[PDB]
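Taking it in order: structure first as structure tokens, then the write-up.
Just so you know, residue 1 is the first one in the sequence shown, and it goes up from there. The figures that follow rest on heavy atoms only: side chains count, while hydrogens, waters and symmetry mates do not.
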Amino acid sequence: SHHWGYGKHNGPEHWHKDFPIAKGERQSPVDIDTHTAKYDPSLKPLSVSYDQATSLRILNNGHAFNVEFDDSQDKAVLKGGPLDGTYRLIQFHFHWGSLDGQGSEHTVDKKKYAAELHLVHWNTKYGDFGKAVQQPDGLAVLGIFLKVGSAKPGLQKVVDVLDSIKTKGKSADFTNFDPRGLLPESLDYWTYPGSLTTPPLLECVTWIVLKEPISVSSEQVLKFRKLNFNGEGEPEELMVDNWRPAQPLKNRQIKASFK
Ligand SMILES: O=C(O)c1ccccc1[SeH]
Ligand SMILES: [Zn+2]
């Protein structure tokens, strides 16, 4: 399935035809109504252990760019909070807008941020990512909002390699990148059961959305918007507005880690 995207003729309103789960009971993203989310005093502390993370490569996949990690040992793991067991970091990517007033997938009281970072982790009890996405507890995604303001020093290494992966299918070596440089001070979060926000839209994700956004500069997000959805020697299509809008919450409760 090479067909879907974010255009008029292949974007989010069309996805249900090839991926009927698009209209399912636990789709993402959602609007987080802060007044309705309930503090859950039973959530255990969240543990984000990135000291031994080993980044390998950065890839333009025609939808976004992925910063990929070595997930063949327990090097960079997420556990605690709403999670049972140990989830290994496989990749991070972003979703962003053409304009600073849109780009996030989750919203907070209908507020849209300029972008959203997704750190994707898979449950080690399922052995590999492909097995994990078939299970209702297969993935844990840490979602972090981006606002435009001060630069994020720890993002600049990502920004500066984007020229080398301008078009679909281009990759570049991307070693020794430390994802701790992308985390806000507070790990206060909301959590709910949901899905991938891209086809195949599998209902395998425990979402952990941080309350505190990070800040990036106008120049940093401009470099995101100079990427291309197209392949090399194809007509230039700027990689912008690669976000899915909020989906129906249905029979779900959003829990808060904080009072
Ligand atoms: O599009 C992706 O790379 C993806 C993959 C896994 C979980 C969530 C997302 Se939204
Ligand atoms: Zn994503």
Got [X] and [Y] here, is their nearest side-chain heavy-atom distance under 4.5 Å?
X      : Y      : result
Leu196 : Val141 : no
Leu146 : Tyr113 : no
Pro184 : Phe145 : no
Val120 : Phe129 : yes
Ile144 : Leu182 : no
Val133 : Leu139 : yes
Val216 : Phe224 : no
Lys112 : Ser104 : yes

Practice problem: Could you walk me through whether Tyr189 and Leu142 pass side chain to side chain contact (heavy atoms under 4.5 Å, CB included), step by step? | Solution: CA-CA 9 Å; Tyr189 66 82; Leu142 182 62; 5.9 Å; no

Self-check item: Side chains of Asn228 and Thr167, donor plus acceptor under 3.5 Å
Solution: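 Short answer, no.
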
Do the side chains of [X] and [Y] get close enough for a salt bridge, i.e. N-O under 4.0 angstrom?
X      : Y      : answer
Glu68  : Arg57  : yes
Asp163 : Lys223 : no
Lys168 : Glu237 : no
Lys125 : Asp84  : no
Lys250 : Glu25  : yes

Are [X] and [Y] connected, step by step, through hydrophobic side chains (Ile, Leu, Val, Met, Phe, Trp, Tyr) whose heavy atoms are closer than 4.5 Å?
X      : Y      : result
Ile214 : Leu222 : no
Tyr126 : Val77  : no
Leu99  : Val240 : no
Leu59  : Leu227 : no
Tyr87  : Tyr50  : yes

Under 3.5 Å donor-acceptor, [X] side chain and [Y] backbone:
X      : Y      : value
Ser28  : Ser195 : yes
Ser47  : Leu78  : no
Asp128 : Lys131 : yes
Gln220 : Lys152 : yes
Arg26  : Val205 : yes
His118 : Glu116 : no
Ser55  : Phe174 : yes
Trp96  : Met239 : yes
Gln27  : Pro248 : no

Mind listing the closest non-hydrogen atom pair of [X] and [Y] along with its distance?
X      : Y      : value
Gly103 : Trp243 : O-CB, 3.4 Å
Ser98  : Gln102 : OG-OE1, 3.6 Å
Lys110 : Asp31  : N-OD1, 2.8 Å
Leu89  : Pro179 : CD2-CG, 4.3 Å
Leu43  : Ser257 : CD1-CA, 3.9 Å
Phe229 : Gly62  : CD2-O, 3.2 Å

Got a second to check how far [X]'s [atom1] is from [Y]'s [atom2], nearest 0.5 Å?
X      : Y      : atom1 : atom2 : answer
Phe94  : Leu155 : CZ    : CG    : 5.0 Å
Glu212 : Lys147 : CD    : NZ    : 7.5 Å
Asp241 : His95  : CG    : NE2   : 12.5 Å
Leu249 : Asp33  : CG    : CG    : 9.5 Å
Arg252 : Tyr192 : CZ    : OH    : 6.0 Å
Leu56  : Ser171 : CG    : OG    : 11.5 Å

Quiz item: Where do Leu119 and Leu183 land on the side chain to side chain contact (heavy atoms under 4.5 Å, CB included) test, with the steps shown first?
Solution: CA-CA 10 Å; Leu119 296 128; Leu183 301 178; 4.3 Å; yes

Practice problem: May I ask you to establish whether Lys211 and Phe258 are in a cation-pi arrangement, using a distance under 6.0 Å from NZ or CZ to the six-membered ring centre and at most 45° from the ring axis? | Solution: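 Ring-cation test returns yes.
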
Quiz item: With a distance cut-off below 6.0 Å to the six-membered ring centre and an angular limit of 45° from the axis, does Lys170 pair with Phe65 as a cation-pi contact?
Solution: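 No, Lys170 does not sit over the ring of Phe65.
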
Exercise. Output, in order, the C-alpha distance, side-chain angles, deciding distance and verdict of side chain to side chain contact (heavy atoms under 4.5 Å, CB included) for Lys166 and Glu236.
Key: CA-CA 10 Å; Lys166 186 174 168 223; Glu236 187 166 9; 3.6 Å; yes

[X] atom [atom1]: more than 12 heavy-atom contacts under 6.0 Å:
X      : atom1 : result
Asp173 : CG    : no
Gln253 : CD    : no
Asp109 : CG    : yes

Quiz item: Among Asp71, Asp74, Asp70, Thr124, which one satisfies side-chain hydrogen bond (donor to acceptor under 3.5 Å, both in side chains) with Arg88?
Solution: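 Answer after filtering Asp71, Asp74, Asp70, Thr124: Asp74.
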
Quiz item: Do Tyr6 and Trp15 have ring centroids that are under 6.0 Å from one another?
Solution: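 Centroid distance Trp15-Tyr6: below 6.0 Å, so yes.
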
Quiz item: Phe92 and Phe177: aromatic ring centres closer than 6.0 Å?
Solution: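 They qualify: ring centres under 6.0 Å apart.
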
Self-check item: Full working for side chain to side chain contact (heavy atoms under 4.5 Å, CB included) between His3 and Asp18
Solution: CA-CA 9 Å; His3 169 86; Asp18 282 330; 4.0 Å; yes

Exercise. Evaluate the ring pair (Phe, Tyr, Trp, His ring centres under 6.0 Å) criterion for residues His106 and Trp190: first the C-alpha distance (whole Å), next the side-chain angles of each, then the deciding distance (0.1 Å), finally the verdict.
Key: CA-CA 11 Å; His106 297 87; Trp190 298 283; 9.6 Å; no

